[PDB]
Amino acid sequence: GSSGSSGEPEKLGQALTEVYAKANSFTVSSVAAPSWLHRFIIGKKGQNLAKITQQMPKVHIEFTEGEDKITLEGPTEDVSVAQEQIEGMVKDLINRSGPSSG
């Protein structure tokens, strides 16, 4: 109707600490990403992917239609930087679509 309000959003972060590890092993992590923007996440002329991969070849960016997620393969070192770079662009894309006034 009017004068509405809401909140109680979702949050996470318990017993979290800046830890590290040392071991030459293959690390494969996934990143929760939509598929409706598979054309935007990739780019008109494949630039977003090409760029990332260009800087991080060791990392393998995979895209799924059903799983609706991105599978990364490589060294926890790079995999972390790559998977992160995607978590940022994926957020900006969504934020743009459907501008929240209040």
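Computed from the coordinates by the stated procedures, all read-outs in this text should not be read as laboratory data. All Cβ positions, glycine included, derive from the backbone under ideal geometry; neighbour counts span all protein chains shown.
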Original post:
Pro34 is checked against (1) on the phi < 0 side of the Ramachandran plot; (2) free of Cβ contacts under 8 Å to residues at least 60 places away in the same chain; (3) not in a helix (DSSP H, G or I); (4) not aromatic (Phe, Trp, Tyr) and fails just one. What number does that condition carry?
Top reply: (2)
Original post:
Regarding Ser25, is this residue closer than 23 Å to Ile94 by Cβ and of a type in the set (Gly, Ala, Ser)?
Top reply: no
Original post:
What single numbered condition from (1) assigned to a loop (DSSP other than H, G, I, E, B); (2) of a type outside the set (A, V, I, L, M, F, W, C); (3) in contact (Cβ under 8 Å) with a residue 40 or more places away in the chain fails to hold for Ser29?
Top reply: (1)
Original post:
So is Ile61 in a helix (DSSP H, G or I), under 17 Å from the mean Cα position of the chain (by Cα) and surrounded by 13 or more Cβ atoms within 10 Å (Cβ to Cβ) or not?
Top reply: no
Original post:
Can you find a residue in the stretch 43-58 that is free of Cβ contacts under 8 Å to residues at least 40 places away in the same chain, farther than 19 Å from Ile94 by Cα and in contact with an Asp or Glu (Cβ under 7 Å, 6 or more places away or on another chain)?
Top reply: yes
**OP:** Look at the stretch 68-95 and say how many of its residues are within 14 Å of the chain's Cα centre (by Cα) and either exposed (fewer than 13 other Cβ atoms within 10 Å of the Cβ) or not charged (D, E, K, R) (or both).
**Re:** 19
